[PDB]
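Structure first, commentary second.
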Amino acid sequence: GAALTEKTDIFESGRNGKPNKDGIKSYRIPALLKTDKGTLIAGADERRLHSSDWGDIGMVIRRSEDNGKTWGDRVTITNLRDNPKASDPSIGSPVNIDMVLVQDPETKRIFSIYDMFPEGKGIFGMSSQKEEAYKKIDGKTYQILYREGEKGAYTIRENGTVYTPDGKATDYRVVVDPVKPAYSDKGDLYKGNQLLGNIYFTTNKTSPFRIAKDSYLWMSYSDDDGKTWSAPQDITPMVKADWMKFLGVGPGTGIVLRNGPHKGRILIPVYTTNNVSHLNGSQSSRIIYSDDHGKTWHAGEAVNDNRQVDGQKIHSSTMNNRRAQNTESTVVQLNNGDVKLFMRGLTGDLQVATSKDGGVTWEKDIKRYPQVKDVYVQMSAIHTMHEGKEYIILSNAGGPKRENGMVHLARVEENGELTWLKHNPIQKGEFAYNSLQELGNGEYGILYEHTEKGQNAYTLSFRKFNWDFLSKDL
Ligand SMILES: CC(=O)N[C@H]1[C@H]([C@H](O)[C@H](O)CO)O[C@@](O)(C(=O)O)C[C@@H]1O
């Protein structure tokens, strides 16, 4: 008997453009993680001012200890404070946006990796010119601070003390070890004991310093099953190349390889843009990984690196080809050791890349599956076993637009090839980003974006379904 539970709203948006009960207009970008303890962690972007990809956005989660039946109160991981002097509040806050959750099965540490931008319009407000964000000194890497009127780079060193371009300590200090709830004090700039401003503010500044205007990657972790989180760690310098303009995560839930030469490796989907074509023709998927339980991260190569496009080779750092782009993605490892990267794209159908070396490089054959439509929106996919057989469950909008949620089932053969077996609707009406997780006992859960009755984009809801829903027809 087919079984699909009624939708349960986890993060409720307001309606008709009004704020919700907590004064928040929108929630977006779901992430669902089933931890070792059986806990379900639902993550999301808490977009207070509007539904756009910038503004005042906090990284939040809710925990369920009864497999999705009930949920605890919201837990904020990170939420930077707004620039109280910005002329336009809608774009007047440093930004955190798009999160990826994953747990190390050995250490049990839970990671939340997400984007960070200083005050502005996020990916839509990036400068045409690069600004160095870090400087190496005496074998040490320090984040840079810029002061109007001076060309030299100041640096943030031990204890947050600001040093002049010439290497002399100043009386300015940055809060590099935040202590306020949500770490809303991170980046605060002090002169002596007086708070002057914040290094993440870019307009109407009250302090002399700001970090480089660029795209960053931050990470927070929890060792207590999601109840409390560490202060944000800037992992950007570990993975961002000097040519990269944007570098952000493909939101959802990452994975840890289960088998092969790279078992234990944590994979985080991400994508970049270059300075040649940025968002018009350079969005390129890839993953970043960690082989030491999240201590250090490394960038793999882009699916587009040395890819053959129309008898011509391209590279993610120099490409300018709209149709060859691949953006947000979801990653899965097969029992044969191969890694599959399902990438959001502009071909109208499902695009999948394959890596034979734990996600570092990608094979030449980018497969397209007409069986699974892609309206250019995020998707999620997970590996699963059923009666000794290997499968992959993938969910995304069925179209025409971002609507009619579908859960696709594919059989995985020993060569890693896919055969799509079923396509079952799961949510009528508006449907966008989603995140799947296997719950066990033949059941699965999904946290997704949907709206109805005038709700603001989006309300994130949860549903559970079993194998009877996947295989049998409704
Ligand atoms: C960092 C960031 O802006 N992420 C956003 C991305 C990018 O804007 C696009 O991938 C750029 O092509 O996509 C969304 O806007 C979208 O399509 O709903 C949602 C997501 O939060």
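All of the numbers you see were taken from the coordinates with simple rules; none came from a lab. Note that we place each Cβ from the backbone using ideal geometry, even for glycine, and neighbour counts take in every protein chain shown.
Structure notes:
- C-alpha center-to-center spacing [the range 130-163, the range 285-320] in angstrom: 28 Å
- Dipole magnitude (debye, nearest 20) for the range 384-434, charges at Cβ of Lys, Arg, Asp, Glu: 320 debye
- Ranking of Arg210, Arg63 by neighbouring Cβ atoms within 10 Å, starting from the fewest: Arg63, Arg210.
- Members of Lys213/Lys240; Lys367/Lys401; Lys136/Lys186; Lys7/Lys401; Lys191/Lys240 lying beyond 25 Å, as alpha-carbon distances in this model show: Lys191/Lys240
- Derived scalar couplings between HN and Hα for the range 37-49 equal 6, x, 6, 9, 10, 10, x, 6, 8, 9, 8, 5, 7 Hz in order, rounded to whole Hz, by the Karplus curve 6.51 cos²θ - 1.76 cosθ + 1.60 (θ = phi - 60°), x for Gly and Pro.
- In this structure, the pairs whose alpha-carbon distance is over 19 Å, taken from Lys135/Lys205; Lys121/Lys227; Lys37/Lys108; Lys85/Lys151, are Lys135/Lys205; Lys121/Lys227; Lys85/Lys151.
- Each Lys and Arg Cβ is given +1 and each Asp and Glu Cβ -1; about its Cα centre, the chain then shows a dipole of about 820 debye.
- Global geometry of the chain, whether rounded, prolate or oblate, following the gyration tensor of its Cα atoms and the 1.5 cut on a/c: prolate
- Under 9 Å, Cβ to Cβ, from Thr39 - net charge with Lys/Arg +1 and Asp/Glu -1: 0
- Residue list for the range 223-265, given a label point 7 angstrom along the Cα-to-Cβ vector of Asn275 and an amide N cut-off under 13 Å: 241-246
- Net charge contributed by nearby residues that have their C-beta within less than 11 Å of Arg81 (K/R +1, D/E -1): -3
- Options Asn67, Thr354, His315, ranked by Cα towards positive dipole end of the chain, top entry (Cβ charges): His315
- Taking the Cα centre of the range 133-212 as origin and assigning +1 to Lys and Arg Cβ atoms and -1 to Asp and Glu Cβ atoms, the resulting dipole is close to 140 debye.
- J(HN,Hα) series, the range 241-252, from Karplus relation 6.51 cos²θ - 1.76 cosθ + 1.60, nearest Hz, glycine and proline x: 6, 5, 8, 5, 9, 8, 9, x, 7, x, x, x
- When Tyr376, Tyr172 are arranged by Cβ crowding within 10 Å, least crowded first, meaning fewest neighbours, the order is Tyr376, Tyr172.
- Estimated [θ] at 222 nm from DSSP helical runs (n ≥ 4, -39500 (n - 2.57)) normalised by residues in the chain, nearest 500: -500 deg cm²/dmol
- Computed from label points 7 Å out along Cα-Cβ, the spacing between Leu195 and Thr347 is 5.1 nm.
- Taking amide H as placed 1.01 Å from N in the peptide plane, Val372 has its amide H under 5 Å from the amide H of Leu350, each at least 5 places away in sequence or on another chain.
- Shape of the range 239-394, Cα gyration tensor, a/c cut at 1.5: oblate
- Ordering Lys37, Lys25, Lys213 by the number of other Cβ atoms within 10 Å of each residue's own Cβ, fewest first, gives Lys37, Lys213, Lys25.
- The residues neighbouring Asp349, those whose beta-carbon lies less than 11 Å from its own, together hold a net charge of +2 under the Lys/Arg +1, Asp/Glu -1 convention.
- Estimated distance in nm for a label pair at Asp357 and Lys180, the labels positioned 7 Å out from Cα along Cα-to-Cβ: 4.6 nm
- Using the Cβ-Cβ distance between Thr170 and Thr318 with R0 = 45 Å, the FRET efficiency computed as 1/(1 + (r/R0)^6) comes to roughly 0.65.
- Dividing the radius of gyration of the alpha carbons in the range 133-212 by their Kirkwood radius gives 0.94 for Rg/Rh.
- Whole-Å distance, taken between Cα centres, linking the range 240-258 and the range 335-405: 17 Å
- Stretched out straight at 0.36 nm per residue, the stretch from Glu131 to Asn336 would grow longer than its current Cα-Cα span by 69.5 nm.
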